[PDB]
């Protein structure tokens, strides 16, 4: 479709401006390795224009829409399966966050093998590099925290 491509180009613009493509290290207490590398695309817009997020969901065919308790609404695609598809669709039109996407795509390749501490460690190191591209200030959970935990768990990386 030249029509679907018109949609994605518009969405890339929106994402480039009011979106977030991210990899984070999230604490998971019942993981044997204690950490997940979570990947996501998020789109933010005031709840006053909530509908646009649903329109984005319709365009992509996946993802969730929620309302935050502060007047904001969010669209999120989280997880390797749905996200890889989403990013491949936007990849040709992204101008500001293409690096974030290329990196996340590198992480998604490793995700099915994150039970191996070495692979997890690589995913985590890649997450850190995505953090360096975002506006974020509160990034506390880092690759070093994974490496110190893994070592404490008796693993070798």
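Residue numbers count along the first chain shown, from 1.
- Set 17-25 against 136-144 and average the Cα temperature factors; 136-144 ends up higher.
- Mean CA temperature factor is higher for 88-96 when stretches 88-96 and 30-38 are set side by side in the entry.
- In the deposited entry, the Cα temperature factor of residue 103 places it in the lowest third of its chain's modelled residues.
- Residue 60: CA B factor in the middle third of modelled residues in this chain (values from the PDB entry).
- Residue 47: CA B factor lies in the middle third for its chain, per the PDB record.
- Per the deposited record, the Cα B-factor of residue 66 falls in the lowest third when ranked against the other modelled residues of its chain.
- Residue 119: CA B factor lies in the highest third for its chain, per the PDB record.
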